[PDB]
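**Q** Got start31.pdb for you, PDB, C-alpha atoms:
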MODEL        1
ATOM      1  CA  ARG A 259     102.531 112.720  92.253  1.00  0.00           C
ATOM      2  CA  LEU A 260     102.592 114.991  95.312  1.00  0.00           C
ATOM      3  CA  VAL A 261     102.296 118.144  93.219  1.00  0.00           C
ATOM      4  CA  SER A 262      99.592 116.567  91.040  1.00  0.00           C
ATOM      5  CA  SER A 263      97.287 116.135  94.053  1.00  0.00           C
ATOM      6  CA  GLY A 264      98.344 118.922  96.411  1.00  0.00           C
ATOM      7  CA  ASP A 268      98.296 124.635  95.842  1.00  0.00           C
ATOM      8  CA  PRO A 269      98.420 128.026  94.118  1.00  0.00           C
ATOM      9  CA  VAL A 270      99.082 130.428  96.992  1.00  0.00           C
ATOM     10  CA  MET A 271      97.159 133.211  95.230  1.00  0.00           C
ATOM     11  CA  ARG A 272      93.648 131.673  95.019  1.00  0.00           C
ATOM     12  CA  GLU A 273      93.874 130.471  98.650  1.00  0.00           C
ATOM     13  CA  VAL A 274      94.586 134.053  99.885  1.00  0.00           C
ATOM     14  CA  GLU A 275      91.938 135.458  97.449  1.00  0.00           C
ATOM     15  CA  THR A 276      89.330 133.028  98.921  1.00  0.00           C
ATOM     16  CA  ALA A 277      90.419 134.129 102.445  1.00  0.00           C
ATOM     17  CA  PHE A 278      89.863 137.802 101.375  1.00  0.00           C
ATOM     18  CA  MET A 279      86.310 137.032 100.064  1.00  0.00           C
ATOM     19  CA  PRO A 280      84.531 137.054 103.543  1.00  0.00           C
ATOM     20  CA  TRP A 281      85.413 140.784 103.795  1.00  0.00           C
ATOM     21  CA  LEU A 282      83.725 141.554 100.473  1.00  0.00           C
ATOM     22  CA  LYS A 283      80.609 139.674 101.577  1.00  0.00           C
ATOM     23  CA  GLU A 284      80.473 141.638 104.844  1.00  0.00           C
ATOM     24  CA  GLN A 285      80.843 144.953 103.007  1.00  0.00           C
ATOM     25  CA  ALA A 286      78.009 143.970 100.658  1.00  0.00           C
ATOM     26  CA  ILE A 287      75.800 143.149 103.654  1.00  0.00           C
ATOM     27  CA  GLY A 288      76.557 146.550 105.170  1.00  0.00           C
ATOM     28  CA  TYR A 289      75.646 148.332 101.942  1.00  0.00           C
ATOM     29  CA  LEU A 290      72.366 146.403 101.755  1.00  0.00           C
ATOM     30  CA  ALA A 291      71.574 147.486 105.319  1.00  0.00           C
ATOM     31  CA  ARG A 292      72.241 151.092 104.303  1.00  0.00           C
ATOM     32  CA  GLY A 293      69.803 150.711 101.411  1.00  0.00           C
ATOM     33  CA  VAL A 294      67.122 149.294 103.705  1.00  0.00           C
ATOM     34  CA  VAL A 295      67.570 152.240 106.077  1.00  0.00           C
ATOM     35  CA  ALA A 296      67.175 154.626 103.136  1.00  0.00           C
ATOM     36  CA  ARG A 297      63.940 152.934 102.052  1.00  0.00           C
ATOM     37  CA  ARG A 298      62.498 153.197 105.569  1.00  0.00           C
ATOM     38  CA  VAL A 299      63.410 156.894 105.700  1.00  0.00           C
ATOM     39  CA  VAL A 300      61.642 157.450 102.376  1.00  0.00           C
ATOM     40  CA  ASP A 301      58.502 155.712 103.667  1.00  0.00           C
ATOM     41  CA  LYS A 302      58.468 157.939 106.753  1.00  0.00           C
ATOM     42  CA  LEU A 303      58.894 160.962 104.478  1.00  0.00           C
ATOM     43  CA  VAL A 304      55.892 159.884 102.384  1.00  0.00           C
ATOM     44  CA  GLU A 305      53.718 159.532 105.488  1.00  0.00           C
ATOM     45  CA  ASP A 306      54.727 162.987 106.716  1.00  0.00           C
ATOM     46  CA  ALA A 307      54.022 164.400 103.246  1.00  0.00           C
ATOM     47  CA  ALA A 308      50.458 163.069 103.345  1.00  0.00           C
ATOM     48  CA  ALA A 309      49.973 164.593 106.799  1.00  0.00           C
ATOM     49  CA  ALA A 310      51.297 167.937 105.532  1.00  0.00           C
TER      50      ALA A 310
ATOM     51  CA  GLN B  17     107.573 126.459  92.400  1.00  0.00           C
ATOM     52  CA  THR B  18     105.427 127.745  95.232  1.00  0.00           C
ATOM     53  CA  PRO B  19     107.324 128.238  98.517  1.00  0.00           C
ATOM     54  CA  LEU B  20     106.068 124.860  99.732  1.00  0.00           C
ATOM     55  CA  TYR B  21     107.465 123.048  96.662  1.00  0.00           C
ATOM     56  CA  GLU B  22     110.841 124.820  97.079  1.00  0.00           C
ATOM     57  CA  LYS B  23     110.871 124.034 100.854  1.00  0.00           C
ATOM     58  CA  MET B  24     110.053 120.353 100.099  1.00  0.00           C
ATOM     59  CA  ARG B  25     112.879 120.211  97.489  1.00  0.00           C
ATOM     60  CA  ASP B  26     115.298 121.719 100.071  1.00  0.00           C
ATOM     61  CA  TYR B  27     114.223 119.072 102.643  1.00  0.00           C
ATOM     62  CA  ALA B  28     114.137 116.268 100.066  1.00  0.00           C
ATOM     63  CA  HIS B  29     117.652 117.067  98.798  1.00  0.00           C
ATOM     64  CA  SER B  30     119.103 117.675 102.268  1.00  0.00           C
ATOM     65  CA  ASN B  31     122.030 115.547 103.407  1.00  0.00           C
ATOM     66  CA  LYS B  32     120.471 113.645 106.320  1.00  0.00           C
ATOM     67  CA  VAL B  33     117.359 112.204 104.705  1.00  0.00           C
ATOM     68  CA  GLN B  34     118.926 111.537 101.319  1.00  0.00           C
ATOM     69  CA  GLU B  35     121.975 109.677 102.640  1.00  0.00           C
ATOM     70  CA  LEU B  36     119.735 107.751 105.044  1.00  0.00           C
ATOM     71  CA  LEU B  37     117.462 106.721 102.167  1.00  0.00           C
ATOM     72  CA  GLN B  38     120.434 105.723 100.006  1.00  0.00           C
ATOM     73  CA  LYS B  39     121.915 103.623 102.826  1.00  0.00           C
ATOM     74  CA  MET B  40     118.597 101.951 103.654  1.00  0.00           C
ATOM     75  CA  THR B  41     117.768 101.073 100.056  1.00  0.00           C
ATOM     76  CA  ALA B  42     121.275  99.718  99.444  1.00  0.00           C
ATOM     77  CA  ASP B  43     121.064  97.481 102.518  1.00  0.00           C
ATOM     78  CA  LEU B  44     117.536  96.388 101.594  1.00  0.00           C
ATOM     79  CA  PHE B  45     118.568  95.421  98.067  1.00  0.00           C
ATOM     80  CA  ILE B  46     121.445  93.474  99.619  1.00  0.00           C
ATOM     81  CA  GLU B  47     119.438  91.442 102.139  1.00  0.00           C
ATOM     82  CA  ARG B  48     116.263  91.237 100.003  1.00  0.00           C
ATOM     83  CA  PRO B  49     113.707  90.310 102.689  1.00  0.00           C
ATOM     84  CA  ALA B  50     110.372  88.876 101.567  1.00  0.00           C
ATOM     85  CA  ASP B  51     108.764  91.187 104.154  1.00  0.00           C
ATOM     86  CA  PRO B  52     110.569  94.550 103.981  1.00  0.00           C
ATOM     87  CA  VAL B  53     108.163  96.161 106.457  1.00  0.00           C
ATOM     88  CA  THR B  54     109.719  94.274 109.392  1.00  0.00           C
ATOM     89  CA  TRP B  55     113.295  94.211 108.096  1.00  0.00           C
ATOM     90  CA  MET B  56     113.154  97.994 107.822  1.00  0.00           C
ATOM     91  CA  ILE B  57     111.971  98.144 111.438  1.00  0.00           C
ATOM     92  CA  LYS B  58     114.858  96.041 112.727  1.00  0.00           C
ATOM     93  CA  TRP B  59     117.417  97.841 110.538  1.00  0.00           C
ATOM     94  CA  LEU B  60     116.260 101.291 111.671  1.00  0.00           C
ATOM     95  CA  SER B  61     116.144 100.141 115.300  1.00  0.00           C
ATOM     96  CA  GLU B  62     119.764  99.001 115.137  1.00  0.00           C
ATOM     97  CA  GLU B  63     120.809 102.184 113.310  1.00  0.00           C
ATOM     98  CA  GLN B  64     119.109 104.449 115.855  1.00  0.00           C
ATOM     99  CA  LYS B  65     121.067 102.803 118.686  1.00  0.00           C
ATOM    100  CA  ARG B  66     124.257 104.516 117.473  1.00  0.00           C
TER     101      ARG B  66
ATOM    102  CA  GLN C  17     127.543  93.250  84.805  1.00  0.00           C
ATOM    103  CA  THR C  18     123.967  92.204  83.875  1.00  0.00           C
ATOM    104  CA  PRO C  19     123.448  89.355  86.467  1.00  0.00           C
ATOM    105  CA  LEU C  20     124.194  91.358  89.659  1.00  0.00           C
ATOM    106  CA  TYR C  21     122.050  94.326  88.484  1.00  0.00           C
ATOM    107  CA  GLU C  22     119.190  92.097  87.209  1.00  0.00           C
ATOM    108  CA  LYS C  23     118.890  90.343  90.620  1.00  0.00           C
ATOM    109  CA  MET C  24     118.406  93.779  92.243  1.00  0.00           C
ATOM    110  CA  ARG C  25     116.300  95.310  89.460  1.00  0.00           C
ATOM    111  CA  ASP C  26     113.839  92.415  89.583  1.00  0.00           C
ATOM    112  CA  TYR C  27     113.586  92.811  93.351  1.00  0.00           C
ATOM    113  CA  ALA C  28     113.285  96.600  93.471  1.00  0.00           C
ATOM    114  CA  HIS C  29     110.878  97.053  90.544  1.00  0.00           C
ATOM    115  CA  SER C  30     108.368  94.681  92.157  1.00  0.00           C
ATOM    116  CA  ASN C  31     105.222  96.164  93.567  1.00  0.00           C
ATOM    117  CA  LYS C  32     105.507  95.572  97.308  1.00  0.00           C
ATOM    118  CA  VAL C  33     108.828  97.319  97.873  1.00  0.00           C
ATOM    119  CA  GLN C  34     108.272 100.118  95.354  1.00  0.00           C
ATOM    120  CA  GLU C  35     104.824 101.239  96.476  1.00  0.00           C
ATOM    121  CA  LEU C  36     105.940 100.853 100.059  1.00  0.00           C
ATOM    122  CA  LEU C  37     108.927 103.143  99.483  1.00  0.00           C
ATOM    123  CA  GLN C  38     106.969 105.729  97.488  1.00  0.00           C
ATOM    124  CA  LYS C  39     104.289 106.169 100.149  1.00  0.00           C
ATOM    125  CA  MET C  40     106.925 106.261 102.891  1.00  0.00           C
ATOM    126  CA  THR C  41     108.870 109.000 101.090  1.00  0.00           C
ATOM    127  CA  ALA C  42     105.678 110.947 100.370  1.00  0.00           C
ATOM    128  CA  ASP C  43     104.641 110.951 104.018  1.00  0.00           C
ATOM    129  CA  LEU C  44     108.210 111.773 105.075  1.00  0.00           C
ATOM    130  CA  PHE C  45     108.236 114.869 102.858  1.00  0.00           C
ATOM    131  CA  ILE C  46     104.777 115.883 104.083  1.00  0.00           C
ATOM    132  CA  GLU C  47     105.625 115.550 107.778  1.00  0.00           C
ATOM    133  CA  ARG C  48     109.101 117.166 107.712  1.00  0.00           C
ATOM    134  CA  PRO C  49     110.520 115.814 110.996  1.00  0.00           C
ATOM    135  CA  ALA C  50     113.749 116.830 112.692  1.00  0.00           C
ATOM    136  CA  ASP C  51     115.114 113.258 112.865  1.00  0.00           C
ATOM    137  CA  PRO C  52     113.856 110.980 110.055  1.00  0.00           C
ATOM    138  CA  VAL C  53     114.947 107.618 111.482  1.00  0.00           C
ATOM    139  CA  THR C  54     112.624 107.456 114.498  1.00  0.00           C
ATOM    140  CA  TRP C  55     109.795 108.870 112.383  1.00  0.00           C
ATOM    141  CA  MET C  56     110.273 106.048 109.884  1.00  0.00           C
ATOM    142  CA  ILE C  57     110.342 103.588 112.787  1.00  0.00           C
ATOM    143  CA  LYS C  58     106.988 104.957 113.936  1.00  0.00           C
ATOM    144  CA  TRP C  59     105.447 105.035 110.462  1.00  0.00           C
ATOM    145  CA  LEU C  60     106.484 101.446 109.790  1.00  0.00           C
ATOM    146  CA  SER C  61     105.166 100.395 113.216  1.00  0.00           C
ATOM    147  CA  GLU C  62     101.654 101.776 112.704  1.00  0.00           C
ATOM    148  CA  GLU C  63     101.773 100.635 109.072  1.00  0.00           C
ATOM    149  CA  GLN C  64     102.635  97.048 110.028  1.00  0.00           C
ATOM    150  CA  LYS C  65      99.065  96.675 111.317  1.00  0.00           C
ATOM    151  CA  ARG C  66      97.724  97.392 107.825  1.00  0.00           C
TER     152      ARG C  66
ATOM    153  CA  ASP D   6     122.299 102.347  81.987  1.00  0.00           C
ATOM    154  CA  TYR D   7     122.963 102.268  78.261  1.00  0.00           C
ATOM    155  CA  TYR D   8     126.537 103.474  78.885  1.00  0.00           C
ATOM    156  CA  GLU D   9     127.832 101.353  81.775  1.00  0.00           C
ATOM    157  CA  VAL D  10     126.733  98.166  80.007  1.00  0.00           C
ATOM    158  CA  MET D  11     129.178  98.993  77.203  1.00  0.00           C
ATOM    159  CA  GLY D  12     131.789  99.992  79.789  1.00  0.00           C
ATOM    160  CA  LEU D  13     132.238 103.409  78.180  1.00  0.00           C
ATOM    161  CA  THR D  14     131.883 106.763  79.894  1.00  0.00           C
ATOM    162  CA  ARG D  15     129.416 109.568  79.247  1.00  0.00           C
ATOM    163  CA  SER D  16     131.937 111.375  76.999  1.00  0.00           C
ATOM    164  CA  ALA D  17     132.711 108.508  74.611  1.00  0.00           C
ATOM    165  CA  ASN D  18     133.368 109.264  70.947  1.00  0.00           C
ATOM    166  CA  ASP D  19     131.962 107.402  67.959  1.00  0.00           C
ATOM    167  CA  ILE D  20     135.089 105.287  67.453  1.00  0.00           C
ATOM    168  CA  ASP D  21     135.026 104.600  71.192  1.00  0.00           C
ATOM    169  CA  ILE D  22     131.506 103.170  70.880  1.00  0.00           C
ATOM    170  CA  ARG D  23     132.517 101.159  67.811  1.00  0.00           C
ATOM    171  CA  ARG D  24     135.425  99.550  69.673  1.00  0.00           C
ATOM    172  CA  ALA D  25     133.467  98.925  72.881  1.00  0.00           C
ATOM    173  CA  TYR D  26     130.612  97.227  71.039  1.00  0.00           C
ATOM    174  CA  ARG D  27     133.100  95.288  68.902  1.00  0.00           C
ATOM    175  CA  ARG D  28     134.814  93.639  71.844  1.00  0.00           C
ATOM    176  CA  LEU D  29     131.727  93.244  74.044  1.00  0.00           C
ATOM    177  CA  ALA D  30     129.635  91.676  71.270  1.00  0.00           C
ATOM    178  CA  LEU D  31     132.426  89.381  70.144  1.00  0.00           C
ATOM    179  CA  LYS D  32     132.832  88.225  73.755  1.00  0.00           C
ATOM    180  CA  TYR D  33     129.146  87.476  74.471  1.00  0.00           C
ATOM    181  CA  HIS D  34     127.662  86.227  71.191  1.00  0.00           C
ATOM    182  CA  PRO D  35     125.806  82.913  71.685  1.00  0.00           C
ATOM    183  CA  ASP D  36     127.741  81.063  68.976  1.00  0.00           C
ATOM    184  CA  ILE D  37     131.086  82.107  70.506  1.00  0.00           C
ATOM    185  CA  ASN D  38     130.354  82.375  74.234  1.00  0.00           C
ATOM    186  CA  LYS D  39     128.791  78.981  74.909  1.00  0.00           C
ATOM    187  CA  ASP D  40     126.900  79.767  78.121  1.00  0.00           C
ATOM    188  CA  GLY D  41     127.060  81.490  81.492  1.00  0.00           C
ATOM    189  CA  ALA D  42     125.518  84.765  82.653  1.00  0.00           C
ATOM    190  CA  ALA D  43     125.497  85.915  79.030  1.00  0.00           C
ATOM    191  CA  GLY D  44     121.781  85.974  78.227  1.00  0.00           C
ATOM    192  CA  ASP D  45     120.778  89.455  79.349  1.00  0.00           C
ATOM    193  CA  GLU D  46     124.267  90.844  78.719  1.00  0.00           C
ATOM    194  CA  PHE D  47     124.217  90.376  74.944  1.00  0.00           C
ATOM    195  CA  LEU D  48     120.699  91.786  74.644  1.00  0.00           C
ATOM    196  CA  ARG D  49     121.592  94.928  76.577  1.00  0.00           C
ATOM    197  CA  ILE D  50     124.795  95.279  74.543  1.00  0.00           C
ATOM    198  CA  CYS D  51     122.764  95.208  71.329  1.00  0.00           C
ATOM    199  CA  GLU D  52     120.155  97.615  72.702  1.00  0.00           C
ATOM    200  CA  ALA D  53     122.785 100.053  73.978  1.00  0.00           C
ATOM    201  CA  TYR D  54     124.666 100.124  70.689  1.00  0.00           C
ATOM    202  CA  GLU D  55     121.430 100.504  68.722  1.00  0.00           C
ATOM    203  CA  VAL D  56     120.408 103.445  70.909  1.00  0.00           C
ATOM    204  CA  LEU D  57     123.870 105.028  70.827  1.00  0.00           C
ATOM    205  CA  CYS D  58     124.798 104.540  67.146  1.00  0.00           C
ATOM    206  CA  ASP D  59     122.220 107.028  65.841  1.00  0.00           C
ATOM    207  CA  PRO D  60     122.633 110.718  66.749  1.00  0.00           C
ATOM    208  CA  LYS D  61     118.931 111.604  67.062  1.00  0.00           C
ATOM    209  CA  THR D  62     118.071 108.726  69.399  1.00  0.00           C
ATOM    210  CA  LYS D  63     121.414 109.178  71.163  1.00  0.00           C
ATOM    211  CA  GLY D  64     120.730 112.832  71.937  1.00  0.00           C
ATOM    212  CA  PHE D  65     117.101 112.258  72.891  1.00  0.00           C
ATOM    213  CA  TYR D  66     118.287 109.613  75.355  1.00  0.00           C
ATOM    214  CA  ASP D  67     121.093 111.861  76.620  1.00  0.00           C
ATOM    215  CA  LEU D  68     118.674 114.635  77.560  1.00  0.00           C
ATOM    216  CA  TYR D  69     116.282 112.138  79.195  1.00  0.00           C
TER     217      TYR D  69
ENDMDL
END
Output the file's structure in the form of structure tokens.
**A**
Amino acid sequence: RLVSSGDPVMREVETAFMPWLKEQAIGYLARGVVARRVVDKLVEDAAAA
Amino acid sequence: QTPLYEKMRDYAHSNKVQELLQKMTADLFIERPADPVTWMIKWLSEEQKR
Amino acid sequence: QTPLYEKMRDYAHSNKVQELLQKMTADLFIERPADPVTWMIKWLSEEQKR
Amino acid sequence: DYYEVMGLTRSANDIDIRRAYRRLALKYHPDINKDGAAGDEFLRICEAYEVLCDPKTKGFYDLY
């Protein structure tokens, strides 16, 4: 009965590791946003030129 | 067979708890109280005094 | 012989004692105390209310 | 258990089971043994010999 209710040690550590993946994804998205802003500034300067 | 299950089996099969359980259940099936909750309390209280 | 065993089998395979003992053992394995006897005293004390 | 009721041990032979059931079921049969604590005893004797006189059931019981 006690093992029927409760844990696989692997999934619990894998779920603990997931926050790190989410943070890395957020950082990459921020990098992409910075790139888009740089491209917009480049377009404005191109029109001025 | 995770380390918890193995640790529980080691504790469950240890000497202290298993002999204590065997003793208690033998005494309880001797006396046969119609309210084992209290008989266990008195029996454990008298055992702990030693 | 059959009579001595039957008198104990009928007692021990009745619901009150059996599902008291099973829950007590389950909580004992979960808690893992150093000295089981006083822990069972406590558990029975705060289970007597229920 | 199915063994202790016959009095035998876990390593009993086939002739051992024959003899044990012979004496225990000629001592506790209702027509011979008039009365006493011989109600459950005869039934468990019959059940134990029925379980232990057939190798497939005997082995399946022995493992579990």
**Q** Lay chain C over chain B with a least-squares fit on all the C-alpha atoms, paired in sequence, and tell me the RMSD.
**A**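 Rounded to one decimal, the C-alpha RMSD is 0.9 Å.
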**Q** If the PyMOL selection byres ((chain A) within 12 of (chain B)) is run on the structure shown, which residues does it catch, given as an mmCIF file with C-alpha atoms, in the frame of the given file?
**A**
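Contents of result-v1.cif, freshly written:
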data_model
loop_
_atom_site.group_PDB
_atom_site.id
_atom_site.type_symbol
_atom_site.label_atom_id
_atom_site.label_comp_id
_atom_site.auth_asym_id
_atom_site.auth_seq_id
_atom_site.Cartn_x
_atom_site.Cartn_y
_atom_site.Cartn_z
ATOM 1 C CA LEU A 260 102.592 114.991 95.312
ATOM 2 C CA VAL A 261 102.296 118.144 93.219
ATOM 3 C CA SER A 262 99.592 116.567 91.040
ATOM 4 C CA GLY A 264 98.344 118.922 96.411
ATOM 5 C CA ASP A 268 98.296 124.635 95.842
ATOM 6 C CA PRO A 269 98.420 128.026 94.118
ATOM 7 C CA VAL A 270 99.082 130.428 96.992
ATOM 8 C CA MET A 271 97.159 133.211 95.230
#
**Q** As a ChimeraX atom specification, could you give me every residue of chain D near chain C (at most 9 Å apart, counting only C-alpha atoms)?
**A** /D:9-10,42-46,49
**Q** If we draw a sphere of 9 Å around (98.6, 103.2, 101.1), which residues have at least one atom in it when counting only C-alpha atoms? Please report them as a VMD selection string.
**A** chain C and resid 35 to 36 39 63 66
**Q** Give the residues of chain C that lie within 7 Å of chain B; count all atoms listed in the file, and format the answer as an NGL selection string.
**A** :C and (24 or 33 or 45 or 52-53 or 57 or 60 or 64)
**Q** Residues of the last selection are to be written out with C-alpha atoms, as a PDB file, keeping the file's coordinate frame.
**A**
ATOM      1  CA  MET C  24     118.406  93.779  92.243  1.00  0.00           C
ATOM      2  CA  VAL C  33     108.828  97.319  97.873  1.00  0.00           C
ATOM      3  CA  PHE C  45     108.236 114.869 102.858  1.00  0.00           C
ATOM      4  CA  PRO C  52     113.856 110.980 110.055  1.00  0.00           C
ATOM      5  CA  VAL C  53     114.947 107.618 111.482  1.00  0.00           C
ATOM      6  CA  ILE C  57     110.342 103.588 112.787  1.00  0.00           C
ATOM      7  CA  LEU C  60     106.484 101.446 109.790  1.00  0.00           C
ATOM      8  CA  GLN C  64     102.635  97.048 110.028  1.00  0.00           C
TER       9      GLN C  64
END
**Q** What are the centre and the three edge lengths of an axis-aligned box that wraps all atoms of range 307-310 of chain A in the file, given that 6 Å is added to every side, written as JSON and rounded to one decimal in Å?
**A**
{"center_x": 52.0, "center_y": 165.5, "center_z": 105.0, "size_x": 16.0, "size_y": 16.9, "size_z": 15.6}
**Q** Please measure the separation of CA of residue 15 in chain D and CA of residue 53 in chain D, giving the value in Å to one decimal.
**A**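 Computed distance, CA of residue 15 in chain D to CA of residue 53 in chain D, equals 12.7 Å.
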**Q** Which value, in Å to one decimal, gives the distance between CA of residue 55 in chain C and CA of residue 40 in chain B?
**A**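 Result for CA of residue 55 in chain C versus CA of residue 40 in chain B: 14.2 Å, one decimal.
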**Q** Nearest to residue 33 in chain D: which of D:51, D:16, D:21, D:7 is it, counting all atoms listed in the file?
**A**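 The closest residue to residue 33 in chain D is D:51.
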**Q** Would you mind reading off the distance between CA of residue 47 in chain C and CA of residue 34 in chain C, one decimal, in Å?
**A**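 Going from CA of residue 47 in chain C over to CA of residue 34 in chain C covers 20.0 Å.
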